[PDB]
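>>> Return atomic coordinates for the entry below.
(2 chains)
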Amino acid sequence: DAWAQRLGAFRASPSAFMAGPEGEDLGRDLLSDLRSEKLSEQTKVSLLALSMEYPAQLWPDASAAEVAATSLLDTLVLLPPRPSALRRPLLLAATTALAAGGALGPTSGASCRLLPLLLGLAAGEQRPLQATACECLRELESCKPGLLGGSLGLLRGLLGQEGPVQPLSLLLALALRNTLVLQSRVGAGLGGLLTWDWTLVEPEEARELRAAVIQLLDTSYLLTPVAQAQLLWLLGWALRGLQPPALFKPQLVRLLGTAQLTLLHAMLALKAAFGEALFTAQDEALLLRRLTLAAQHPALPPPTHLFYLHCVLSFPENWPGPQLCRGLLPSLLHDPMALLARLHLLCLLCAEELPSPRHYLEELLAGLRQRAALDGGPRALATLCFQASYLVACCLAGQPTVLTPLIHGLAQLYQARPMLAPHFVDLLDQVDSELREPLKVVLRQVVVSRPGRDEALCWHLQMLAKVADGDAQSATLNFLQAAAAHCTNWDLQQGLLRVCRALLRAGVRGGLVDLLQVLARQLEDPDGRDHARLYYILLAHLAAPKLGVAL
Amino acid sequence: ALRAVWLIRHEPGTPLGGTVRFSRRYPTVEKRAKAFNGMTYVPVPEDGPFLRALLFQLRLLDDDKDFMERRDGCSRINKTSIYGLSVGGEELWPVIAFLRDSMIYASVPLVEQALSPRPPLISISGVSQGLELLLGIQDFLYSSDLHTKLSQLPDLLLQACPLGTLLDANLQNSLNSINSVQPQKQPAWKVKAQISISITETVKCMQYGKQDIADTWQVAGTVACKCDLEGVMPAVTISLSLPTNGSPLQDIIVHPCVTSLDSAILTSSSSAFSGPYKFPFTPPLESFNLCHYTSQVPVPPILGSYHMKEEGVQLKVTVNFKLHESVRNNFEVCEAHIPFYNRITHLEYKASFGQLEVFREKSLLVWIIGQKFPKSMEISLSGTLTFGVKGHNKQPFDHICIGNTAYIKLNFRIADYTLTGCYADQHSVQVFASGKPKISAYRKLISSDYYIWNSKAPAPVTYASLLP
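Residues are numbered from 1 along each chain as shown, chains lettered A, B, ... in the order given. Below is the structure in question.
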C-alpha cells in the first residue's frame, strides 16, 4: 500500500489532485524512485502506467518535461541487466512525456538522446519491445512532421528481415505521406530518401512510389481491419492528386464483398475522396445496394445498421431505382431509432407524387399516432411521432395532398393525448410558415372546440399561448372565458396569461379590453391577476409599434 | 485514432448509473486535437461528468422527465449511434455509444479538421474505428468467468491500443498475446483439420394469413467455422449440400477476415448454383465465417390462427394451428406462450392438449403445449378468462398488441431441423493442400419472431407485404 493510496487520489481526479498541495512533489517522487530497488514490480508497473496515461498533468513546462525526459532515459539505461518488466513501458512513458509536454525538438539534448535510442531499438520480450519502440517512433513522427524520416532506406531494405508487419507498415506509410508532402511543398522530391535529419521541421520517383505502394499492399494482408481502414484512408488522402489505381483495384473490390464496419467506411471514403476515377457507373449501384442491404440485415447489431442507414442518405456521388427504395422503406417492425433513419427515403419516394406511397405513409404515421395515444407508455413513442412529423414537414412543405392528412392526424392525436403539449410547441417553433399557419389554425380549432371543462386544461393553455393570433377572435375569447373558471393552480394561471400576452403581441384590440379584464378580475393567485392587469394596460394604452418596443 | 475509451456497466437505480470498469485517455491525441481543431477545440471531461452526460443522452438515466428539449426535441434527431455530448458549455463531438445486455461501450475519436461546420460523418474514420473497437469488446466480454474477464481488461486492451491508435479489435487476441508470448507475413490477429460449423436458421414469421397481405416469413442464418488446423498454409474449404428441392444461397454477407463475396451475393439481395461452394478464407485464430446466409424456402413450416372475441371479460382465444408435414413431430420446447398484454383470474379453459398453466402472476397464462402436437395438429382454448380488477399498468404493456390484436408468442425450438436445408458435405474436398477435415456440422431452429398473427384483427405490415 506504498503507492496504491498515492495513485488513488490522482486517478480519482488528475487535475484536482495535481492542483492540491501534495501533488507539487508527486512527479518529483515518481521520478526519484524510478531507479530505486525498494519498489516492487507491481508498484513500478502501476506508477509507469500513470506516467503513460497523463503526461500533461505533472510536467507542464518545457524545461520540466525535458528534465523528466532525461531522468526517465537515465533510469531506463541504468536498469539491472536481468529480464524484467519495465523495458517497454519506460520507453513509452518517456515518449508520452516528451510528446505531450511540448519539449520535443532537434535543439534539445533529451530529444537527441531519446530518438537514436528508439530508432536503434525498433531497428532490431525482444519482439514486444520492438513493437513498442516502433509504435513510439511512429507516434513521435505524428507529433512533429518528418521527425522520424531518417531510416526509410533501412525499412525498405529490411522489409523481408525481422520486424512485425503492422508497426513498420504503418510507420512507413505515415513517413511517406509526411515527407512527400513536405518535400513537394518545398518544390523538390524524395531526393534519394528511399535509401537522423532534423531540417524538415522548418521520373524515377514514380517507379519508386509504385514499388512502395505494392509493398504496402502486399504487407497489408496481415493488417487488422481497424488499422487497415486508417492505412487506406490516409493513402487515399495522399495519392489523390500526386500509375493507375488498378494496382489496388483487386484488393478494394474483394474487400467490398465484406460488411465489417471499418472496411466499408474505408471503401466509402476512398470513393468519396478519389471521386469518379475508379468507380464505374454501375459499381455505384452495387455499392448502394450493399449499403442498403447492410442497413437492415439481421446478422448485424443495431449500430452497424444505423451507420449504413446514415451513409446511404449522404452517399457521395460520382458524376452528379424504386426497388432499392423498397429494400429499406420504413415499417412498424422497426425499433424507434431505426425508422427516422428510413423516413427520408419514404419522403423522397413520395415527393414525386403498388399502393400510393401517400397511403403507406398515412398507415405508418397512423400506427405511430396509435402508439403515441396509448396512455401508460414511454416517451420514446411520442418523440418518434413528432420527429417523424418534423422530417416529413421539412421534406414535404409543398404538397397539400399528403399534408392535409398529416395535419388532421396531428390534430386528432392532440385530441386523444393532451399530455403531448411541449412536443407541439417545439414543432411549431421549428417548422416553416407554410406549415406553421394551417397547423396553427387546425390546432386552435381543436383546442377551442371543447367547452373547456376538461382536466387537461394545463396542457391546452400551452398550445393556446403558442398559437393565439388575430385571426379567430370570438371563438378564442369564448373558450378562454369558459376556461377562466377551471384554473385553480398557478401553472394554468400562467399558461392563460401566456395566451393573453400572445394576443397582446398579435395586436388584437377590441373585446380583449374585456377578456383580459375578466381574467384579471376573476383568477385565484394574485400574481396571475397582476400579470393580467399589466398586460391589459399595455394593450389598452400603447400604440402598435411602441408595444413591440416598450413591452 | 481515438481520444479515450470506456466501458460502463449499466446499473439501474443507482444515482451514478454505474461503475466504470475502463477509462483510458490518450493525451498525445488530445494535443493533436488542439493543433488540428484550433478555435473549435472542446476538451474531454473527467469520468463523472462524462458518465452523467452520456447516460442522459442515451436516455438511460431517469427518463421520467416531462420534456428536455436538449434530448427529446423535435429538432435534435439521432439517426446514427454517434451522439454529440454537451459538457462544460461545450458541445463535445463526436461521442459513440451503444447498449446490449446491460453493458455500455463508448469512445470519442479524432477529427483532423475544424468543427465550425460539423463535417459529414461519411468522412471521419474515427467513428468507424471507435464503433468497431466497442463491438470487439462487447463480443469479448459476453462471449459465453464472472469477473476474471472484466478484471484483466485494463491489462488487456493496453496491448491493443497503447497510445490512441488501435492495432487489433479482437480482445481475445490481446488475452492470447499478453498471457502467452512470426518470420513471415502471418496475420496480426493470430497467436488435424477440425471445424465446428454451427449453422442456425431462426424462423421468424408474421404469418398473418389474409388475402392481399402476404404471409411474412424469413429465416436468418449464419455459419461459424474455424480452419483450426496446423501446417503452413492448409486449405480446407467446406461444401454445404442444399438439395434440388432447396434453393441456392440467399442474402450473403461475410466476415471482416473473409476475403470477398461473389457478384451474385452482391446481386441476390432481398452464381445461383448449389455448388461447387468455393469460399475463399484466411485461416484465423478466430472463428472465420465464410458467409452469413438467409436462405428461402416457399413452404412455411407451421401455420396458425387466433380469434379473441372480446365478449366482456371472455377472451375466448379460439386458437387453431397447422403443423406442415415437412416439420418433424418432436419439439424440444414448443411452448406456445400466449402473453396477455393490455388484459387470468378464472382459467375456465378447455385445453385440447397439454396443460395451460396460468403463471403465478395471473397476468399471462403461458399455455405449455409441451413437446408434441396431438394427432389432430390443433390446440384450442375457449377459456372464460374472468379477469378481475382491470390491470391497466401491471400487465406487460406491449404497444404492438392493442385491443383484439395480438398473436401467440410460440417460443418453439427444434434440434437439427430448420427451414432451409443445410447439409455440409466432406467427400468433395478440393484444395491445394492435404488433410482430413473433421467437419462437425450442425443446425437448429429457434423462434426469432414467430407471431401467429391473429387474422381476426389488424396487424402491423411491412412494405412489400401489401405489394402485389
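
>>> now the closest residue to chain A within the stretch 301-450 of chain B, nearest residue through space, not along the chain?
Closest approach between the stretch 301-450 of chain B and chain A, counting by Cβ to the nearest Cβ: residue B:399, at 4.8 Å. Every residue, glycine included, has its C-beta placed from N, CA and C. Distance criterion Cβ to Cβ, 6 or more residues apart in numbering or on different chains; nearest residue to residue B:399, sequence neighbours excluded, is residue A:371 at 4.8 Å.

>>> Next: residue A:498.
With sequence-adjacent residues excluded and distances taken as Cβ to Cβ, 6+ apart, residue A:498 is closest to residue A:465, at 3.4 Å.

>>> ok, now residue B:398?
Using Cβ to Cβ, 6+ apart, the nearest residue to residue B:398 is residue B:341, at 4.1 Å.

>>> Counting neighbours, what do you get for the one you found?
Residue B:341 has 17 neighbours, counted by other Cβ atoms under 10 Å in any protein chain shown.

>>> Toward the C-terminus, what is the element adjacent to the longest helix that chain A contains?
Counting residues, the longest helix in chain A under DSSP state H turns out to be helix A:165-186. Later in the chain than helix A:165-186, the nearest helix or strand by DSSP states H and E is helix A:204-219.

>>> And that next one, what does it pack against?
Judged by 3 or more Cβ pairs under 8 Å, 6 or more residues apart in numbering or on different chains; DSSP states H and E, the packing partners of helix A:204-219 are helix A:165-186, helix A:225-238.

>>> Pop out the phi and psi values for the residue of the stretch 201-350 of chain A found nearest chain B.
As assessed by Cβ to the nearest Cβ, chain B sits closest to residue A:257 within the stretch 201-350 of chain A, at 3.2 Å. Dihedral pair for residue A:257: phi -80, psi 10, per degrees, to the nearest 10.

>>> what's the nearest residue to it if we skip its chain neighbours?
residue B:261 (3.2 Å).

>>> Give me the spatial nearest neighbour of residue B:212, chain neighbours excluded.
Take residue B:212 and drop its neighbours on the chain: the residue closest to it by Cβ to Cβ, 6+ apart is residue B:466, 6.7 Å away.

>>> My read is that the one you found contacts residue B:211, right?
No - Residue B:466 sits out of contact with residue B:211 when judged by Cβ atoms under 8 Å, with a separation of 11.3 Å.

>>> What count of nearby residues applies to the nearest residue to residue B:26 once chain neighbours are set aside?
Closest residue to residue B:26 apart from its sequence neighbours, by Cβ to Cβ, 6+ apart: residue B:164 at 3.4 Å. When counting by other Cβ under 10 Å, one arrives at 22 neighbours for residue B:164.

>>> ok, whichever residue of the stretch 251-400 of chain B sits closest to chain A - contacts?
Residue of the stretch 251-400 of chain B nearest chain A, by Cβ to the nearest Cβ: residue B:261 (3.2 Å). Residue B:261 sits next to A:257-258, B:252-254, B:291 when contact means Cβ atoms under 8 Å, 6 or more residues apart in numbering or on different chains.

>>> How about the secondary structure of it?
Residue B:261 falls in the coil class when you classify it by DSSP: H, G, I helix; E, B strand; the rest coil.

>>> which parts of the stretch 251-400 of chain B sit against chain A?
Where the stretch 251-400 of chain B comes near chain A, counting by Cβ under 8 Å from any Cβ of the partner chain, the residues are B:251, B:253-263, B:265-267, B:269-270, B:282, B:292, B:294, B:392-393, B:397, B:399-400.

>>> Now with 10 Å, please.
Near chain A, the residues belonging to the stretch 251-400 of chain B are B:251-263, B:265-267, B:269-270, B:280, B:282, B:289, B:291-294, B:342, B:392-393, B:397-400 when assessed by Cβ under 10 Å from any Cβ of the partner chain.

>>> how about residue 377, what does it touch?
This is for chain A. Applying Cβ atoms under 10 Å, 6 or more residues apart in numbering or on different chains, we find residue A:377 in contact with A:371, B:397-399.

>>> Chain B was what I was after
Counting by Cβ under 10 Å, 6+ apart, residue B:377 has contacts B:302-303, B:320-325, B:327, B:329, B:353.

>>> Which ones among these lie within strands?
Counting by DSSP state E, the contacts of residue B:377 place B:302-303, B:320-323 in strands.

>>> Between those residues, identify the one with the most neighbours.
Among the ones in strands among the contacts of residue B:377, residue B:302 has the most neighbours (other Cβ under 10 Å), with 24 neighbours.

>>> Could you find the closest non-adjacent residue to that residue?
Closest residue to residue B:302 apart from its sequence neighbours, by Cβ to Cβ, 6+ apart: residue B:323 at 5.8 Å.

>>> what ranges do the strands span in the stretch 1-150 of chain B?
Secondary structure of the stretch 1-150 of chain B (DSSP state E, counting those that start in this stretch): strands located at B:2-8, B:20-25, B:82-83, B:86-87, B:90-91, B:95-99, B:104-109.

>>> Which among those strands is found nearest to residue A:447?
Of all the strands of the stretch 1-150 of chain B, the one in closest proximity to residue A:447, counting by Cβ to Cβ, is strand B:86-87 (33.6 Å).

>>> who are the neighbours of that closest one, in terms of helices and strands?
Using 3 or more Cβ pairs under 10 Å, 6 or more residues apart in numbering or on different chains; DSSP states H and E, the elements in contact with strand B:86-87 are helix B:47-57.

>>> So is the helix it packs on next to chain A?
Yes - contact of helix B:47-57 with chain A (Cβ under 10 Å from any Cβ) involves B:47-48.

>>> buried set for that helix?
B:47, B:50-57 (16 or more other Cβ atoms under 10 Å in any protein chain shown).

>>> Run the chain-centre distance for that helix.
26 Å (Cα atoms, centre = their mean, to the nearest Å).

>>> What is it packed up against?
Here helix B:47-57 touches helix A:4-12, strand B:2-8, strand B:20-25, strand B:82-83, strand B:86-87, strand B:95-99, strand B:104-109, going by 3+ Cβ pairs under 10 Å, 6+ apart.

>>> which residues touch the longest one?
Residues external to helix A:4-12 that are found in contact with it (Cβ under 10 Å, 6+ apart): A:1, A:16-18, A:20, A:22-23, A:26, A:29-30, A:42-43, A:46-47, A:49-50, A:53-54, A:57-58, B:23, B:46-48.

>>> and the residues you listed, which of them are in helices?
Filtering those for helices - DSSP H - leaves A:16-18, A:26, A:29-30, A:42-43, A:46-47, A:49-50, A:53, B:47-48.

>>> closest to residue A:547 among the residues you listed?
Nearest to residue A:547 among the ones in helices among the contacts of helix A:4-12 is residue B:48, at 48.2 Å by Cβ to Cβ.

>>> Would you check how far apart the closest one and residue A:53 are?
As judged by Cβ to Cβ, to the nearest Å, residue B:48 and residue A:53 stand 17 Å apart.

>>> And residue A:84, by the same measure?
Residue A:84 sits 21 Å away from residue A:53, going by Cβ to Cβ.
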